[PDB]
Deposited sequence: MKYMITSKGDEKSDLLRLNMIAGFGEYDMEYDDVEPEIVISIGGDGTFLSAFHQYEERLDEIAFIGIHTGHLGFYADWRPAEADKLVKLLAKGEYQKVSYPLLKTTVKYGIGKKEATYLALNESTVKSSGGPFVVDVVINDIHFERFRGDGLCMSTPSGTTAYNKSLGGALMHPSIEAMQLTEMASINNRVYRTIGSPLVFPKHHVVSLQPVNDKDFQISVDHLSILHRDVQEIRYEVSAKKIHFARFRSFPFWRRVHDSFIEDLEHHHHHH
């Protein structure tokens, strides 16, 4: 069917892309980067994230596949030496697909904006102190003072969330995980400390107390938002779909990446 290939841009990735395209030309496959049904990322997980966000409006019509030309990735989890075998099995079609949960972020002002994150969304202050009221399902949970907060997807738990002390969650669990950055705790200020794992349909709301300006990140992209009234997090109804061509279990991927490979 229709497909496209994105590259990290170095010689290795660019030349691997041209060789899969050449390989694909031996099949009933059309290169189309406007309405593809297969998106191949060649590079690292950062290349994959840009591919995901490039096409985040046609997520239900696309199966993603990532090839790592550097170290192993959690999304770019196939080796360049399998490019030829990848071309053949993608061309034949009839491959199985796997879906990962996504994180929806809503930002409201005094209109509103929504974003999809594949890894995580983080909130920090614009320059001064960071204080927000944390509201879970319309109930006030805590007044957070610290460097910021991070809301992770399950597949995102191995990224920023891991550096902040969060748990690693198998991505078949539809959930989101909130971690703290450098919270201050004393006799007058109190945060939960522990990461928090929220299921589908639970809404976590961040509401300002003094400053209304926040640096908000979604995956790689970070933008200063001004006059913010609320930041809402919930597990998205949308999912990212991967082409599955063999078994590479999440826990094995965790092992290869953090234990030894």
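For this chain, the deposited residues without C-alpha positions form the stretches 111-113, 265-272, given in sequence order.
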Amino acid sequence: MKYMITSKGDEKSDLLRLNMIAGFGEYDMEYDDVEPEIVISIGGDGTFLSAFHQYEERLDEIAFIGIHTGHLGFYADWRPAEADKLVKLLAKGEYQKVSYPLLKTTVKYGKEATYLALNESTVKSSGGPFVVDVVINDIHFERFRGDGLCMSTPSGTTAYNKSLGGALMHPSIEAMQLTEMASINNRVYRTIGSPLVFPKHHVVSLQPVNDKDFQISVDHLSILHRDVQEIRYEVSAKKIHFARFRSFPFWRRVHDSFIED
From here on, numbers count along this sequence of modelled residues.
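Superpose the two forms; the largest set of C-alphas matching within 1.5 Å is the rigid core.
Averaged over structures and residues, the CA distance from the shown form in 6 other deposited structures of this protein after a core fit is larger for 179-187, of the two stretches 179-187 and 131-139. Note: missing coordinates for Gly110 occur in a third or more of the other compared entries bracketing this position. Gaps at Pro36 occur in none of the other compared entries of the protein that contain both adjacent residues, all of which model it rather than a third dropping it.
Between the stretches 112-120 and 154-162, it is 112-120 that shows the larger average CA temperature factor. Remark: stretch with higher mean C-alpha B factor among 170-178 and 84-92 is 84-92. The top Cα temperature factor in the record, among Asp45, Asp213, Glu234, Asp219, falls on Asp213. Highest CA B-factor among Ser99, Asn186, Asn137, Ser183, as stated in the entry: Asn186.
In the deposited entry, the Cα temperature factor of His68 sits in the bottom third of values across the chain's modelled residues. When all modelled residues of the chain are sorted by CA temperature factor, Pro208 is found within the highest third. Sorting the modelled residues of the chain by their CA temperature factor places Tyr31 in the highest third. When the modelled residues of the chain are ordered by their C-alpha B factor, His255 lands in the lowest third. Residue-level temperature factors show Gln229 in the highest third of its chain, judged at the C-alpha atom.
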